[PDB]
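To begin, one chain is listed below as structure tokens, in the form deposited without the named molecule.
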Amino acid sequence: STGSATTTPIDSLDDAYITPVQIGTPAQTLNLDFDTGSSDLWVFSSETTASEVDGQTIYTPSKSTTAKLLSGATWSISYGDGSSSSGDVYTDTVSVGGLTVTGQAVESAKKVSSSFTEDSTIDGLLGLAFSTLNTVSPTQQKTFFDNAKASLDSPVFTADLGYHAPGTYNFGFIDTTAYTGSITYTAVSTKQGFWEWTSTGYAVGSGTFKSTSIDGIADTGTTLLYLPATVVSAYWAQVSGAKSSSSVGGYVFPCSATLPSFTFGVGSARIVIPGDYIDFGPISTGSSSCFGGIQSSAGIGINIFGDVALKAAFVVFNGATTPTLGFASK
């Protein structure tokens, strides 16, 4: 089998991407944030504290003939941006782009933090990291991809995120019309539960490439590109007026600037992020200070190749017995 679904930016800045997901019988369609940095499939639901729901579409398990309470199971998760959610668990039928899994753990939110409530466009998350990170207790549950894998034509999924435009998540096949040149594959460590790999270096604009190992994660659920302070300082030094602002919480730059590109290495290959991808607009409405899309990972404890980086590529998440990642230009 295979699946193919369109993923759409939630706003004009590509702050996140949502993908429609069918849950239950008859289908309840919710728009979920596909997240290769976490491993829980959770949804706003009929169980979510009423004051914490504001415009989201909810899953109502009592209206699904295939829903079953997973007795005694609870979940609780925190994300790197300070947000969190928790609740109980059902199993139900889940389909993405024509690909169906029966008996998928669907984690129903009883509580969500303020930044979830405040984003009406995100109805929940669909985790695509390794199932070892799944938070369900006392019996850990499998991701949608792990449940689907045996049935897939090939044990892979691909992320093709758009810049200010829709893109695609495919399951079970590689669309050879969706990229240019060849796909360069690189080793993955699953020791931390992430799609963790090592970039071979970087360049800023038309500058010379610096060969240096940068260990990080391919994370569709993180908006920006978080890299070591040395690398980030080298980038923003090429933008007149750019500076790190403690009060804003990162590098900002004059909105009048034209930003240089940023290149990262994948083996001997190179992926170029155009300058415009790095502009996240005014820090507040009407400001002439703009927020940068490349930020320091110091304090996070890991480097993160988030959407800013991944949307410049066609990305293969290869879930064979020894997992690997593939990157192509597009």
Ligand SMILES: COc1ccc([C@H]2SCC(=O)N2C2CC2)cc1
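Quick note: we count residues from 1 along the sequence shown, nothing fancier.
From this point on, the text means the form deposited with the named molecule bound, which you will not see here.
Q: Identify which of 53, 269, 67, 283 has a heavy atom within 4.5 Å of the named molecule in the entry with it bound; exactly one of them does.
A: It is 283.
Q: Only one of 248, 203, 152, 234 comes within 4.5 Å of the named molecule in the entry with it bound by heavy atoms, so just point that one out.
A: Exactly one residue meets the criterion: 248.
Q: Test of understanding: in the entry with it bound, would residue 264 fall inside 4.5 Å of the named molecule by heavy atoms?
A: Although the named molecule is absent here, residue 264 would stay clear of it in the entry with it bound, with no heavy atoms inside 4.5 Å.
Q: Mark residue 320 yes when one of its heavy atoms lies within 4.5 Å of a heavy atom of the named molecule in the entry with it bound, and no otherwise.
A: Answer no; every heavy atom of residue 320 is more than 4.5 Å from the named molecule in the entry with it bound.
Q: Indicate whether the named molecule has at least one heavy atom within 4.5 Å of a heavy atom of residue 224 in the entry with it bound.
A: Yes, contact at 4.5 Å.
Q: Under a 4.5 Å heavy atom criterion, is residue 291 part of the interface with the named molecule in the entry with it bound?
A: Yes - in the entry with it bound, heavy atoms of residue 291 and the named molecule come within 4.5 Å of each other.
Q: With the partner removed from view, which of 57-65, 283-291, 269-277, 22-30 is the stretch that lies within 4.5 Å of the named molecule in the entry with it bound, judged by heavy atom distances?
A: The contacting stretch here is 283-291.
Q: Who in 1-29 is close to the named molecule in the entry with it bound, meaning a heavy atom within 4.5 Å?
A: Contacts from 1-29: 13, 15.
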